[PDB]
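target.csv follows (CSV, C-alpha atoms and all ligand atoms):
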chain,number,residue,atom,x,y,z
A,1,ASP,CA,2.9,-7.0,-32.5
A,2,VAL,CA,1.4,-3.6,-31.6
A,3,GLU,CA,2.3,-3.5,-27.9
A,4,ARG,CA,5.7,-3.7,-29.5
A,5,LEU,CA,5.5,-0.3,-31.1
A,6,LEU,CA,3.7,0.7,-27.9
A,7,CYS,CA,6.6,-0.5,-25.8
A,8,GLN,CA,9.4,1.3,-27.6
A,9,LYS,CA,7.7,4.5,-28.4
A,10,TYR,CA,4.8,4.7,-25.9
A,11,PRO,CA,5.4,3.1,-22.5
A,12,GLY,CA,2.4,4.7,-21.0
A,13,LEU,CA,-0.1,3.1,-23.4
A,14,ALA,CA,-1.8,-0.3,-23.1
A,15,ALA,CA,-3.2,-1.8,-26.3
A,16,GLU,CA,-6.0,-4.3,-25.4
A,17,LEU,CA,-7.3,-6.3,-28.4
A,18,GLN,CA,-10.8,-7.7,-28.4
A,19,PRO,CA,-11.8,-11.1,-29.8
A,20,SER,CA,-14.3,-8.8,-31.6
A,21,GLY,CA,-11.6,-7.9,-34.2
A,22,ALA,CA,-11.4,-4.5,-32.5
A,23,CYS,CA,-8.7,-2.7,-30.4
A,24,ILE,CA,-8.9,-0.4,-27.4
A,25,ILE,CA,-5.8,1.6,-26.5
A,26,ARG,CA,-5.8,3.4,-23.1
A,27,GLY,CA,-3.0,5.1,-21.3
A,28,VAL,CA,-1.0,8.3,-21.5
A,29,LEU,CA,0.4,9.9,-24.6
A,30,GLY,CA,2.9,12.7,-24.0
A,31,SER,CA,4.7,15.7,-25.7
A,32,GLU,CA,7.5,17.7,-24.2
A,33,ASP,CA,5.2,20.2,-22.6
A,34,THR,CA,2.0,18.3,-22.1
A,35,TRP,CA,0.5,14.9,-21.6
A,36,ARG,CA,-3.1,13.5,-21.8
A,37,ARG,CA,-5.1,10.6,-20.3
A,38,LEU,CA,-6.3,8.7,-23.2
A,39,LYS,CA,-8.8,6.0,-24.4
A,40,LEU,CA,-8.8,5.1,-28.1
A,41,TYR,CA,-11.5,2.8,-29.6
A,42,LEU,CA,-10.5,1.4,-33.0
A,43,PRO,CA,-13.5,-0.5,-34.6
A,44,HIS,CA,-11.3,-1.5,-37.5
A,45,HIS,CA,-7.7,-2.0,-36.3
A,46,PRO,CA,-5.4,-1.5,-38.3
A,47,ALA,CA,-7.7,1.0,-40.2
A,48,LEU,CA,-8.2,4.2,-38.2
A,49,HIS,CA,-11.6,5.3,-39.6
A,50,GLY,CA,-14.5,4.8,-37.2
A,51,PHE,CA,-12.1,5.7,-34.4
A,52,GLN,CA,-13.3,6.9,-31.0
A,53,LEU,CA,-10.9,9.0,-28.9
A,54,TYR,CA,-11.6,9.8,-25.3
A,55,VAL,CA,-9.3,12.5,-23.9
A,56,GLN,CA,-9.7,13.7,-20.3
A,57,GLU,CA,-10.0,17.5,-20.7
A,58,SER,CA,-10.2,18.1,-17.0
A,59,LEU,CA,-12.9,16.5,-14.8
A,60,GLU,CA,-14.5,14.6,-17.6
A,61,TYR,CA,-13.7,12.8,-20.8
A,62,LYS,CA,-14.0,14.7,-24.1
A,63,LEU,CA,-14.9,12.7,-27.2
A,64,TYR,CA,-13.2,13.0,-30.7
A,65,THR,CA,-14.6,11.4,-33.8
A,66,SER,CA,-13.8,12.0,-37.5
A,67,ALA,CA,-16.3,15.0,-37.3
A,68,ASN,CA,-14.4,16.3,-34.2
A,69,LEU,CA,-10.9,15.7,-35.4
A,70,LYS,CA,-9.3,15.4,-38.8
A,71,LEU,CA,-6.7,12.8,-39.6
A,72,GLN,CA,-4.6,12.3,-42.8
A,73,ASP,CA,-5.8,10.0,-45.5
A,74,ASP,CA,-2.8,7.7,-45.3
A,75,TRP,CA,-2.1,7.5,-41.6
A,76,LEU,CA,-1.6,4.3,-39.7
A,77,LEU,CA,-1.9,4.0,-35.9
A,78,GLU,CA,1.8,5.0,-35.4
A,79,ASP,CA,1.3,8.1,-37.6
A,80,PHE,CA,-1.8,8.9,-35.7
A,81,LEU,CA,-0.2,8.6,-32.3
A,82,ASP,CA,3.0,10.6,-32.7
A,83,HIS,CA,0.9,13.2,-34.5
A,84,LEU,CA,-2.0,13.2,-32.0
A,85,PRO,CA,-0.3,15.5,-29.3
A,86,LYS,CA,-0.1,18.3,-31.9
A,87,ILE,CA,-3.6,18.0,-33.4
A,88,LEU,CA,-5.6,17.9,-30.2
A,89,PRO,CA,-6.5,21.6,-29.3
A,90,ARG,CA,-9.4,32.5,-1.0
A,91,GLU,CA,-6.5,30.0,-1.6
A,92,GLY,CA,-5.7,29.9,2.1
A,93,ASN,CA,-2.3,29.3,3.5
A,94,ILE,CA,-1.0,25.8,4.4
A,95,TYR,CA,1.6,26.8,7.0
A,96,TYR,CA,-1.2,28.6,8.7
A,97,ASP,CA,-3.3,25.4,8.3
A,98,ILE,CA,-0.7,23.3,10.0
A,99,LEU,CA,-0.6,25.6,13.0
A,100,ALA,CA,-4.3,25.4,13.0
A,101,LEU,CA,-4.2,21.7,13.5
A,102,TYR,CA,-1.0,21.4,15.5
A,103,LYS,CA,-2.5,21.2,19.0
A,104,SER,CA,-5.1,18.5,19.5
A,105,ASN,CA,-5.9,15.6,21.9
A,106,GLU,CA,-7.0,13.4,19.1
A,107,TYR,CA,-3.7,12.9,17.3
A,108,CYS,CA,0.0,14.0,17.4
A,109,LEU,CA,1.0,16.0,14.3
A,110,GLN,CA,4.7,16.0,13.4
A,111,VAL,CA,6.5,18.4,11.1
A,112,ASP,CA,9.6,17.4,9.2
A,113,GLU,CA,12.6,19.8,8.9
A,114,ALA,CA,12.2,22.4,6.2
A,115,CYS,CA,8.5,21.4,6.6
A,116,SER,CA,8.6,19.4,3.5
A,117,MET,CA,6.2,16.8,4.9
A,118,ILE,CA,3.9,16.2,7.8
A,119,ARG,CA,2.7,13.1,9.7
A,120,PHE,CA,-0.5,12.5,11.7
A,121,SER,CA,-0.3,9.7,14.3
A,122,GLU,CA,-1.5,8.4,17.6
A,123,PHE,CA,-5.1,8.8,16.3
A,124,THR,CA,-7.6,8.3,19.1
A,125,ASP,CA,-9.0,4.8,19.1
A,126,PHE,CA,-6.6,4.0,16.3
A,127,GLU,CA,-3.2,4.7,18.0
A,128,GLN,CA,-1.5,2.4,15.5
A,129,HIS,CA,-2.5,4.3,12.4
A,130,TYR,CA,-0.7,7.2,10.8
A,131,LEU,CA,-0.9,9.4,7.7
A,132,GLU,CA,1.9,11.2,5.8
A,133,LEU,CA,1.5,14.0,3.3
A,134,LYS,CA,4.0,16.1,1.3
A,135,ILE,CA,4.1,19.8,1.8
A,136,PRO,CA,2.6,21.8,0.2
A,137,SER,CA,1.6,19.3,-2.5
A,138,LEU,CA,-0.6,17.4,0.0
A,139,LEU,CA,0.6,14.4,-2.0
A,140,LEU,CA,0.0,11.1,-0.1
A,141,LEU,CA,3.3,9.6,1.2
A,142,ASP,CA,3.2,6.6,3.6
A,143,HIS,CA,0.2,5.6,5.7
A,144,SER,CA,-1.4,2.7,7.5
A,145,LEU,CA,-4.5,1.0,6.0
A,146,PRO,CA,-4.2,-2.0,3.6
A,147,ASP,CA,-2.2,-1.1,0.5
A,148,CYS,CA,-5.2,-2.1,-1.7
A,149,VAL,CA,-7.1,1.0,-0.6
A,150,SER,CA,-7.2,3.8,-3.2
A,151,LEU,CA,-6.5,6.5,-0.5
A,152,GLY,CA,-4.2,8.5,-2.8
A,153,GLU,CA,-6.9,8.7,-5.4
A,154,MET,CA,-9.5,9.5,-2.8
A,155,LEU,CA,-7.5,12.3,-1.5
A,156,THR,CA,-6.7,14.0,-4.8
A,157,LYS,CA,-10.3,13.9,-5.9
A,158,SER,CA,-12.1,14.5,-2.6
A,159,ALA,CA,-9.8,16.5,-0.3
A,160,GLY,CA,-9.2,20.2,-0.9
A,161,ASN,CA,-7.2,21.4,2.0
A,162,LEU,CA,-5.1,19.9,4.8
A,163,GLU,CA,-8.0,19.7,7.2
A,164,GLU,CA,-10.2,18.0,4.6
A,165,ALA,CA,-7.5,15.5,4.2
A,166,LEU,CA,-7.2,14.7,7.9
A,167,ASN,CA,-10.9,14.2,8.1
A,168,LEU,CA,-11.3,12.0,5.0
A,169,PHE,CA,-8.7,9.8,6.6
A,170,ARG,CA,-10.4,9.6,10.0
A,171,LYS,CA,-13.6,8.9,8.1
A,172,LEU,CA,-12.1,5.7,6.6
A,173,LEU,CA,-10.7,4.8,10.1
A,174,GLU,CA,-14.3,4.8,11.4
A,175,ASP,CA,-15.4,2.9,8.3
A,176,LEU,CA,-12.6,0.4,9.1
A,177,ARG,CA,-13.3,-0.3,12.7
A,178,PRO,CA,-15.3,-3.5,12.0
A,179,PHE,CA,-12.4,-4.8,9.8
A,180,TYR,CA,-9.9,-4.0,12.5
A,181,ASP,CA,-12.1,-5.1,15.5
A,182,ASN,CA,-12.6,-8.4,13.8
A,183,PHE,CA,-8.9,-9.2,13.6
A,184,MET,CA,-8.6,-8.1,17.2
A,185,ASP,CA,-10.0,-11.3,18.5
A,186,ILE,CA,-8.3,-13.5,16.0
A,187,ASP,CA,-4.9,-12.0,16.8
A,188,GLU,CA,-5.4,-12.4,20.6
A,189,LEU,CA,-7.2,-15.7,20.8
A,190,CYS,CA,-5.7,-17.6,17.8
A,191,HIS,CA,-2.1,-18.6,17.2
A,192,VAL,CA,-1.4,-16.6,14.1
A,193,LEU,CA,1.4,-18.1,12.0
A,194,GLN,CA,1.3,-15.7,9.1
A,195,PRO,CA,1.8,-12.8,8.5
A,196,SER,CA,4.9,-13.3,10.7
A,197,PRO,CA,4.8,-9.7,11.7
A,198,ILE,CA,1.2,-8.5,11.7
A,199,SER,CA,0.4,-4.9,10.7
A,200,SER,CA,-2.5,-2.5,10.2
A,201,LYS,CA,-2.0,-3.4,6.5
A,202,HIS,CA,-2.5,-7.2,6.4
A,203,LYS,CA,-6.0,-8.3,5.2
A,204,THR,CA,-5.2,-11.9,6.2
A,205,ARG,CA,-4.6,-14.4,8.9
A,206,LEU,CA,-3.4,-18.0,9.1
A,207,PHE,CA,-3.8,-19.9,12.3
A,208,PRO,CA,-4.1,-23.6,13.4
A,209,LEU,CA,-7.5,-25.1,13.8
A,210,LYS,CA,-6.2,-28.3,15.4
A,211,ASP,CA,-3.2,-30.6,15.1
A,212,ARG,CA,-2.1,-30.8,11.4
A,213,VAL,CA,-4.9,-28.5,10.2
A,214,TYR,CA,-4.5,-24.8,9.4
A,215,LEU,CA,-7.3,-22.4,8.7
A,216,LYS,CA,-6.6,-19.3,6.6
A,217,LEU,CA,-9.0,-16.4,7.1
A,218,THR,CA,-8.9,-13.7,4.4
A,219,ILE,CA,-10.9,-10.5,3.9
A,220,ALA,CA,-10.9,-9.1,0.4
A,221,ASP,CA,-12.8,-5.8,1.1
A,222,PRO,CA,-11.9,-4.1,4.3
A,223,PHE,CA,-15.1,-2.0,4.0
A,224,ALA,CA,-17.3,-5.0,3.2
A,225,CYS,CA,-15.9,-6.9,6.1
A,226,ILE,CA,-18.1,-10.0,6.1
A,227,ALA,CA,-19.4,-9.8,2.5
A,228,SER,CA,-15.8,-10.2,1.3
A,229,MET,CA,-14.8,-12.8,4.0
A,230,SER,CA,-13.3,-16.0,2.9
A,231,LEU,CA,-12.1,-19.2,4.7
A,232,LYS,CA,-9.8,-21.9,3.4
A,233,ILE,CA,-9.0,-25.2,5.1
A,234,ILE,CA,-5.4,-26.4,4.9
A,235,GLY,CA,-4.1,-29.7,5.9
A,236,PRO,CA,-4.2,-33.5,5.1
A,237,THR,CA,-6.5,-34.5,2.2
A,238,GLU,CA,-9.2,-36.2,4.2
A,239,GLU,CA,-9.1,-33.6,6.9
A,240,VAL,CA,-9.5,-31.0,4.3
A,241,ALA,CA,-12.2,-33.0,2.6
A,242,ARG,CA,-14.1,-33.6,5.8
A,243,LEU,CA,-13.9,-30.1,7.2
A,244,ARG,CA,-14.8,-28.5,3.9
A,245,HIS,CA,-18.4,-29.7,4.6
A,246,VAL,CA,-18.4,-28.1,8.1
A,247,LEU,CA,-17.3,-24.9,6.4
A,248,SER,CA,-20.2,-24.7,4.0
A,249,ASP,CA,-22.7,-25.4,6.7
A,250,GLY,CA,-21.0,-23.0,9.1
A,251,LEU,CA,-21.5,-20.2,6.5
A,252,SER,CA,-25.1,-21.1,5.9
A,253,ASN,CA,-25.6,-20.8,9.7
A,254,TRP,CA,-23.6,-17.6,10.0
A,255,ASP,CA,-24.8,-15.6,13.0
A,256,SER,CA,-24.7,-11.9,11.8
A,257,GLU,CA,-24.8,-10.7,15.5
A,258,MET,CA,-21.4,-12.4,16.1
A,259,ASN,CA,-18.0,-11.4,14.9
A,260,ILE,CA,-15.8,-13.7,12.8
A,261,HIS,CA,-13.8,-15.3,15.7
A,262,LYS,CA,-16.8,-16.4,17.7
A,263,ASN,CA,-18.6,-17.4,14.5
A,264,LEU,CA,-15.6,-19.6,13.7
A,265,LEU,CA,-15.7,-21.2,17.1
A,266,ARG,CA,-19.4,-21.8,16.4
A,267,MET,CA,-18.5,-23.2,13.0
A,268,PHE,CA,-16.0,-25.8,14.1
A,269,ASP,CA,-17.5,-26.7,17.5
A,270,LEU,CA,-14.7,-25.3,19.7
A,271,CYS,CA,-14.7,-23.3,22.9
A,272,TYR,CA,-11.3,-22.1,21.9
A,273,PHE,CA,-8.6,-22.2,19.2
A,274,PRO,CA,-5.3,-24.0,19.7
A,275,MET,CA,-2.7,-21.7,21.1
A,276,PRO,CA,0.6,-22.0,23.1
A,277,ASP,CA,0.0,-21.7,26.8
A,278,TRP,CA,2.1,-22.0,30.0
A,279,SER,CA,0.0,-25.1,30.8
A,280,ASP,CA,1.8,-26.9,28.0
A,281,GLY,CA,4.5,-27.3,30.5
A,282,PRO,CA,8.1,-27.2,29.5
A,283,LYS,CA,8.4,-28.6,25.9
A,284,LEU,CA,11.5,-30.7,25.5
A,285,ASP,CA,9.3,-33.7,25.8
A,286,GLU,CA,8.9,-34.9,22.2
A,287,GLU,CA,11.9,-32.8,20.9
A,288,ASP,CA,10.5,-32.7,17.4
A,289,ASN,CA,13.2,-33.9,15.1
A,290,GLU,CA,15.8,-31.0,15.2
A,291,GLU,CA,14.8,-30.4,11.6
A,292,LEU,CA,11.7,-28.2,11.3
A,293,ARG,CA,13.6,-26.2,8.6
A,294,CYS,CA,11.9,-26.4,5.2
A,295,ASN,CA,13.7,-29.3,3.8
A,296,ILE,CA,14.6,-27.7,0.5
A,297,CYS,CA,15.9,-24.3,1.6
A,298,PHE,CA,17.1,-25.8,4.9
A,299,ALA,CA,15.8,-22.5,6.5
A,300,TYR,CA,13.2,-22.2,9.1
A,301,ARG,CA,11.8,-18.6,8.7
A,302,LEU,CA,12.0,-16.9,5.3
A,303,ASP,CA,12.7,-13.2,4.7
A,304,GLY,CA,8.9,-12.8,4.8
A,305,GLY,CA,8.2,-14.9,7.8
A,306,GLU,CA,7.1,-17.9,5.8
A,307,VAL,CA,7.4,-21.2,7.8
A,308,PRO,CA,7.5,-24.9,6.9
A,309,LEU,CA,3.9,-26.0,7.0
A,310,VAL,CA,3.6,-28.3,4.0
A,311,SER,CA,3.3,-32.0,5.0
A,312,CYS,CA,2.0,-35.1,3.2
A,313,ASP,CA,-0.7,-37.4,4.6
A,314,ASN,CA,1.9,-39.9,5.7
A,315,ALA,CA,2.3,-39.4,9.5
A,316,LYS,CA,5.6,-41.4,9.2
A,317,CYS,CA,7.2,-38.9,6.6
A,318,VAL,CA,9.1,-36.6,8.9
A,319,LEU,CA,9.9,-33.8,6.5
A,320,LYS,CA,8.2,-30.4,6.2
A,321,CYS,CA,8.4,-27.6,3.6
A,322,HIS,CA,7.7,-23.9,2.8
A,323,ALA,CA,5.0,-23.7,0.3
A,324,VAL,CA,7.0,-21.4,-1.9
A,325,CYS,CA,10.0,-23.8,-1.8
A,326,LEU,CA,7.5,-26.1,-3.6
A,327,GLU,CA,5.7,-23.4,-5.6
A,328,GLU,CA,6.3,-25.0,-9.0
A,329,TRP,CA,5.5,-28.5,-7.9
A,330,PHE,CA,2.1,-27.1,-6.8
A,331,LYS,CA,1.5,-25.4,-10.1
A,332,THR,CA,3.1,-27.9,-12.5
A,333,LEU,CA,0.8,-30.4,-10.8
A,334,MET,CA,-2.5,-28.6,-10.7
A,335,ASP,CA,-2.1,-26.2,-13.6
A,336,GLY,CA,-5.5,-24.7,-14.4
A,337,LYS,CA,-8.0,-27.3,-13.1
A,338,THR,CA,-9.5,-26.7,-9.7
A,339,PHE,CA,-8.3,-28.4,-6.5
A,340,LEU,CA,-11.4,-30.6,-6.2
A,341,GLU,CA,-10.4,-32.0,-9.5
A,342,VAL,CA,-6.9,-32.3,-8.1
A,343,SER,CA,-6.9,-33.0,-4.4
A,344,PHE,CA,-3.3,-34.0,-4.1
A,345,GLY,CA,0.0,-35.1,-5.6
A,346,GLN,CA,2.6,-37.5,-4.6
A,347,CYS,CA,4.8,-36.7,-1.5
A,348,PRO,CA,8.1,-36.2,-3.4
A,349,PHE,CA,9.6,-38.1,-0.5
A,350,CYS,CA,7.4,-41.1,0.5
A,351,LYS,CA,5.0,-40.7,-2.5
A,352,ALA,CA,2.1,-40.4,0.0
A,353,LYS,CA,-1.0,-38.4,-0.9
A,354,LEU,CA,0.0,-34.7,-0.5
A,355,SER,CA,-3.0,-32.3,-0.2
A,356,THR,CA,-2.9,-29.5,-2.8
A,357,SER,CA,-4.7,-27.4,-0.1
A,358,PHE,CA,-1.2,-26.0,0.6
A,359,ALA,CA,-1.1,-24.2,-2.7
A,360,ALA,CA,-3.3,-21.8,-0.8
A,361,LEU,CA,-0.3,-20.6,1.1
A,362,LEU,CA,1.2,-19.4,-2.2
A,363,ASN,CA,0.2,-16.3,-4.2
A,364,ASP,CA,0.2,-14.2,-0.9
B,401,LIG,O1,-6.0,-28.0,30.9
B,401,LIG,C1,-5.6,-27.2,29.8
B,401,LIG,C2,-6.0,-25.8,29.9
B,401,LIG,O2,-7.3,-25.5,29.4
B,401,LIG,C3,-7.4,-24.1,29.2
B,401,LIG,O3,-6.3,-23.6,28.7
B,401,LIG,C4,-6.2,-23.3,27.3
B,401,LIG,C5,-6.5,-21.8,27.1
B,401,LIG,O4,-7.7,-21.4,27.5
B,401,LIG,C6,-6.3,-21.5,25.6
B,401,LIG,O5,-5.3,-20.5,25.5
B,401,LIG,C7,-5.8,-22.7,24.7
B,401,LIG,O6,-5.3,-22.3,23.5
B,401,LIG,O7,-4.8,-23.6,25.3
B,401,LIG,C8,-4.9,-23.6,26.7
B,401,LIG,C9,-4.3,-25.0,27.2
B,401,LIG,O8,-5.2,-26.0,26.8
B,401,LIG,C10,-7.6,-23.5,30.6
B,401,LIG,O9,-7.9,-22.1,30.5
B,401,LIG,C11,-6.2,-23.7,31.3
B,401,LIG,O10,-6.3,-23.1,32.6
B,401,LIG,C12,-5.9,-25.2,31.3
B,401,LIG,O11,-4.7,-25.5,31.9
B,402,AU,AU,7.3,-0.5,-22.9
B,403,AU,AU,-4.6,-4.1,-30.1
B,404,AU,AU,4.2,23.9,16.0
B,405,AU,AU,3.8,12.1,18.6
B,406,AU,AU,-8.7,-2.4,-0.6
B,407,AU,AU,-15.9,-9.4,9.2
B,408,AU,AU,-14.8,-25.9,26.6
B,409,AU,AU,4.5,-29.1,-16.8
B,410,ZN,ZN,11.3,-22.9,2.5
B,411,ZN,ZN,6.2,-38.3,2.4
In structure tokens, how does this file's structure come out?
Amino acid sequence: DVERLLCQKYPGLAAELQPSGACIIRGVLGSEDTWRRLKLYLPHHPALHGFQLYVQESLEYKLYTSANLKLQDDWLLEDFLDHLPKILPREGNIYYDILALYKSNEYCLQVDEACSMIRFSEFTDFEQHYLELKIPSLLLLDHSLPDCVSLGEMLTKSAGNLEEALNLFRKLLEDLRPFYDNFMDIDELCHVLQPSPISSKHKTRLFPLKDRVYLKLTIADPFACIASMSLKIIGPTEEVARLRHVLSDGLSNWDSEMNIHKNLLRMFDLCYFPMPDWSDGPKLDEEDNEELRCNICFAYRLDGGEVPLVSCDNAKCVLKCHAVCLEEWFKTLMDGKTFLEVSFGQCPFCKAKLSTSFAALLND
């Protein structure tokens, strides 16, 4: 309807309606030699009067009402938009600054040819982390840290010179040690199945709790490590059902003076998590049916390191599956309604109960 006109003529605007018969348009409107950040309130869409335009003049938003700004008596939204852009009214040296930072025991600083970009790395106590900026922009290129962090935004607003940038970054690193430290133990003492290749960026970890039962740890806010912590039990219906109670209790009894790993051991009454060990002897014995490969894709490991973990309650149904290879089945089954309303579906193979706890492997 209106996002139509917004799509063809204004790709940088987002028209959000309200059930309150109103309409808010935010986004960017542009002319050939200028653009503005914009927020337009329209109390009476499609009538313009009573309009409330917020244009970012610099640091703050400037407000335009009918008193502020004068429209035409006949204009519609379109008219108002393609008209709007015309009606609205020591410095130190960076190369020196690089040389200033070049030598240091706390990080190696690398300069690209033509010095178009620089890269900090091998940070002390965070040797895995790195930061790349454009020169002399100081525009954020690549970097470690979960992608959900608004580092770019932080830099532009809070970092004036190269040194200020470096430090803002090392600041977050310190802020992030609890997040990182916490995954330290889980990575070394648990058998982490996904992410296949673990990186400074991943806010997640999936590992086995016991035979047939996986536990997926996920940390929404890397700065609010435990506040944003979240556990999900994945496995056969009854195991899931059973363990879900343990989980609740475990959280209620959370020992704040213990990290997540040890707190999980506490939670599930284990002195250690299941993990491959030389003491398992040589496998061979058992020779799990040669087919551990999905069973739909006929692949074992996907381009993203996904692995066949899905399995019905029926011990006798040899047959596993990548969650994504079954993504629709999981959504066409439990569409909307929560998984306690829908615990399972039918094993498309033996018909057995198939826990919908696996849908948890989706999305991410
Ligand atoms: O007798 C089995 C085994 O128990 C312990 O080994 C554990 C190990 O501590 C963990 O990594 C766990 O995930 O699996 C291993 C095998 O059960 C003992 O430490 C080990 O010496 C012993 O053989
Ligand atoms: Au568009
Ligand atoms: Au709208
Ligand atoms: Au140098
Ligand atoms: Au280096
Ligand atoms: Au984030
Ligand atoms: Au934590
Ligand atoms: Au033990
Ligand atoms: Au359907
Ligand atoms: Zn698959
Ligand atoms: Zn089955």
Check your understanding: ligand ZN 410 (chain B): which residues are within 9 Å, counting all atoms listed in the file, as a PyMOL selection string?
Key -> chain A and resi 293-302+306-308+320-326
Point to revise | Nearest-residue call for residue 276 of chain A, choices A:191, A:62, A:210, A:170, using all atoms listed in the file | key: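 When distances to residue 276 of chain A are compared using all atoms listed in the file, the smallest one comes from A:191.
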Check your understanding: So how many Å separate atom CA of residue 354 of chain A and atom CA of residue 274 of chain A, to one decimal?
Key -> 23.5 Å
Point to revise | Proximity to ligand AU 403 (chain B) - best of A:71, A:190, A:77, A:264, all atoms listed in the file | key: A:77
Practice item. Rounded to one decimal place, report the atom CA of residue 86 of chain A-atom CA of residue 18 of chain A distance in Å. Key: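 Computing the Euclidean distance for atom CA of residue 86 of chain A and atom CA of residue 18 of chain A yields 28.3 Å.
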Practice item. Could you pull out the residues sitting within 7 Å of ligand AU 405 (chain B), using only C-alpha atoms and all ligand atoms, and write them as a VMD selection string? Key: chain A and resid 108 to 110 121 to 122
Practice item. Within 7 Å of segment 24-27 of chain A, counting all atoms listed in the file, which residues show up once you throw out same-chain ones fewer than 5 positions away? Write them as a PyMOL selection string, please. Key: chain A and resi 12-17+37-42
Which neighbours of residue 83 of chain A fall inside 12 Å, counting only C-alpha atoms, when residues of the same chain fewer than 4 positions from it are skipped, and could you give them as an mmCIF file with C-alpha atoms, in the frame of the given file?
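Saved result, result.cif, follows:
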data_model
loop_
_atom_site.group_PDB
_atom_site.id
_atom_site.type_symbol
_atom_site.label_atom_id
_atom_site.label_comp_id
_atom_site.auth_asym_id
_atom_site.auth_seq_id
_atom_site.Cartn_x
_atom_site.Cartn_y
_atom_site.Cartn_z
ATOM 1 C CA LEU A 29 0.400 9.900 -24.600
ATOM 2 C CA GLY A 30 2.900 12.700 -24.000
ATOM 3 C CA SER A 31 4.700 15.700 -25.700
ATOM 4 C CA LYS A 70 -9.300 15.400 -38.800
ATOM 5 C CA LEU A 71 -6.700 12.800 -39.600
ATOM 6 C CA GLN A 72 -4.600 12.300 -42.800
ATOM 7 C CA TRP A 75 -2.100 7.500 -41.600
ATOM 8 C CA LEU A 76 -1.600 4.300 -39.700
ATOM 9 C CA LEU A 77 -1.900 4.000 -35.900
ATOM 10 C CA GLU A 78 1.800 5.000 -35.400
ATOM 11 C CA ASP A 79 1.300 8.100 -37.600
ATOM 12 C CA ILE A 87 -3.600 18.000 -33.400
ATOM 13 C CA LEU A 88 -5.600 17.900 -30.200
#
Write out as CSV the residues of chain A that have any atom within 8 Å of an atom of ligand AU 402 (chain B), one row each with the nearest atom pair and its distance in Å to one decimal, counting all atoms listed in the file, sorted by chain and then rising number.
residue,atom,partner,partner_atom,distance
A:3,CA,B:AU402,AU,7.7
A:4,CA,B:AU402,AU,7.5
A:6,CA,B:AU402,AU,6.3
A:7,CA,B:AU402,AU,3.0
A:8,CA,B:AU402,AU,5.5
A:9,CA,B:AU402,AU,7.4
A:10,CA,B:AU402,AU,6.5
A:11,CA,B:AU402,AU,4.1
A:12,CA,B:AU402,AU,7.4
Review point. Which is closest to ligand LIG 401 (chain B) among A:168, A:175, A:314, A:279, if we use only C-alpha atoms and all ligand atoms?
Key: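 Ranked by minimum distance to ligand LIG 401 (chain B), first place goes to A:279.
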Check your understanding: Can you tell me which residues sit at most 12 Å away from ligand AU 409 (chain B), counting only C-alpha atoms and all ligand atoms, written as a list in words?
Key ->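 Every residue with an atom at most 12 Å from ligand AU 409 (chain B) is listed here: residues 328, 329, 330, 331, 332, 333, 334, 335 and 336 of chain A.
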Given all atoms listed in the file, how would the per-residue table for chain A near ligand AU 408 (chain B) read, listing every residue at most 12 Å away with its closest atom pair and distance in Å to one decimal, sorted by chain and number, as a Markdown table?
| residue | atom | partner | partner_atom | distance |
| --- | --- | --- | --- | --- |
| A:265 | CA | B:AU408 | AU | 10.6 |
| A:266 | CA | B:AU408 | AU | 11.9 |
| A:269 | CA | B:AU408 | AU | 9.5 |
| A:270 | CA | B:AU408 | AU | 6.9 |
| A:271 | CA | B:AU408 | AU | 4.5 |
| A:272 | CA | B:AU408 | AU | 7.0 |
| A:273 | CA | B:AU408 | AU | 10.3 |
| A:274 | CA | B:AU408 | AU | 11.9 |
Take the residues just selected and output them with C-alpha atoms as a PDB file, keeping the file's coordinate frame.
ATOM      1  CA  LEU A 265     -15.700 -21.200  17.100  1.00  0.00           C
ATOM      2  CA  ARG A 266     -19.400 -21.800  16.400  1.00  0.00           C
ATOM      3  CA  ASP A 269     -17.500 -26.700  17.500  1.00  0.00           C
ATOM      4  CA  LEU A 270     -14.700 -25.300  19.700  1.00  0.00           C
ATOM      5  CA  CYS A 271     -14.700 -23.300  22.900  1.00  0.00           C
ATOM      6  CA  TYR A 272     -11.300 -22.100  21.900  1.00  0.00           C
ATOM      7  CA  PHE A 273      -8.600 -22.200  19.200  1.00  0.00           C
ATOM      8  CA  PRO A 274      -5.300 -24.000  19.700  1.00  0.00           C
TER       9      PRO A 274
END
